[PDB]
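Coming up are structure 1 and structure 2: the same protein chain in two forms, each one given alone as structure tokens.
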Structure 1
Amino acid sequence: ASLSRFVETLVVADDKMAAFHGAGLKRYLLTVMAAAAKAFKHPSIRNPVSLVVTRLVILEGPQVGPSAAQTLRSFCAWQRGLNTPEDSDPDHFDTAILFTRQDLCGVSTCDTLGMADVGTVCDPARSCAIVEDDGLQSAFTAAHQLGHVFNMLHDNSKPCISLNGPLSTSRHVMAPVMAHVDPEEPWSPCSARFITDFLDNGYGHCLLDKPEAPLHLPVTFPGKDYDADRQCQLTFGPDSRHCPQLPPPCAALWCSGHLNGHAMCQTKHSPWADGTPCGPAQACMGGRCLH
């Protein structure tokens, strides 16, 4: 029997998150975590994993700069101070994730969206992730980052090529770059095998207890909590509205912006959030306008 697992999570938001989101931050973080939690409940992962928020902190803490490698190391040694000796104590957490509006930047480019060391979930000193918040898509960056935390590699790594098969495209969470993920199958057979093996070898021992009193994650669709306009505001800023699009609805969110004193449209190529209205009795699901 495949034992159910609970990831008791500390959600930390920073200096820059608070300025951007203001009063709307706590609700926003929960919407994001609700989505991350949903990716992990998908049968593709072939394991029962409940991503549960037990503590949420809004910020004197970690050093947050452009270097992603540096910000991660800082947050990981900081987080450790908020932890507790035993997992009996309702204040203990199994994983820590920081969210920042800071443009996190790797060794070559700034396209980096987050960072985590691989296979650390039950090491309270290493169980760590940082995420660059560029709107609701950050839920996806989070799911990916926790993927790493759960010992998964990218889908183009040598071991994955073998398990994924010669026909595997980049439509999965553990793609090396941001990808449109298969709603029918978010996790590659590689991802499922790596987490499976990771848990069967006892590296998830800290995940067996059920959380004392978890924060209440919303049940609604992200595209209902936040309409197209709010989603544009979340990615590009408060003055940004949805750009009316000719019909490929749901596939890509296009937003307004201002360059030289006239309007223009802008995109990070991310889909409209799940549940966003796209017609009379229709909403976006996985990049498609369904009934």
Structure 2
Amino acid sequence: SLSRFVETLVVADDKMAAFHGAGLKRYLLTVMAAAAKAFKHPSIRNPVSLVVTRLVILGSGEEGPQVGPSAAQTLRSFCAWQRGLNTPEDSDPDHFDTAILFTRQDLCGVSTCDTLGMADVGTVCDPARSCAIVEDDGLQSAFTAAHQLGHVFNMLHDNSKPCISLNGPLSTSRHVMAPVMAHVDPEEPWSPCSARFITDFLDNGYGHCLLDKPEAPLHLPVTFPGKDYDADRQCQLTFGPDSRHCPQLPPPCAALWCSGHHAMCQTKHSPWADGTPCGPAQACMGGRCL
């Protein structure tokens, strides 16, 4: 089976910078790594290799895309912007196959949105339309990412009419292309339905532009995200610099609860990052302490 490469542009926005500071590039790489690990899983049934060839960080001095107010607007804004950066032929190292915008603007509290982001379906090799938006809110934005790129590869939600047929009645929502905020089974990240829709896409020659290998991609961390950022840090990434992990809430791994201000524990209900210590000889995998 012919091996694919997705030459990804990554764009961090004006507010993503304020939030992450110097820690940004590393953060963004840690997330992208994590998305890339999902596309590399045998469950997708295709040798797809997610790869960052460019990374751009804006100001505040750098006239970027007009992000906000909505998610639908942000995507049309981004996709028109991102083109001024691309090149005519996939022969120039600067040519990228798809683009992703991470923003820390609350779009999904003012506007409708897919998970915490948006994308069109089946666009991988259309430079005018191959692009995505993700609202960042922690390491788990690596799955928001994959879900949106999934759509880029012509995937649909696992609760659509076509997907019920293929996944079977006893299907769970523990996969990347589930319409809810996901808790992806890492033994089986992609469902049968997602596995098929991509196969058909690539087989019908829609991934013709993913065949060239980029000469110099950015290095992606090979350590777990829970080792790179501990529980407190992960909490800090979701909610703010003052947020500490509330470990006391059972079961370990299933939900990252973080402190806030009397005093409280809050949650976005997305698991602890994979490889967070949760026991003496234990770390978390897919929201469980194994």
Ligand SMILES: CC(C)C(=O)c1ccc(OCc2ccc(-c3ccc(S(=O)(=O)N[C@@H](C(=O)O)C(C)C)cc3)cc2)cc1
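The term rigid core refers to the maximal set of C-alpha atoms that superpose within 1.5 Å between the two forms. Residues that one form lacks are left out of the comparison. One-based numbering along structure 1's sequence throughout.
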Block containing the form deposited without the ligand is structure 2
Of the residues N151, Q102, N156, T112, superposed on the core between structures 1 and 2, only the C-alpha of one moves by 2 Å or more, and that residue is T112
Where the core is superposed, what shift in Å does the CA of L246 undergo between structures 1 and 2? 4.3
May I ask for the C-alpha shift of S170 between structures 1 and 2, in Å, based on superposition of the rigid core? 1.0
Segments displaced between structures 1 and 2 (3 or more residues, each Cα shift of 2 Å or more, core-superposed): 105 to 112
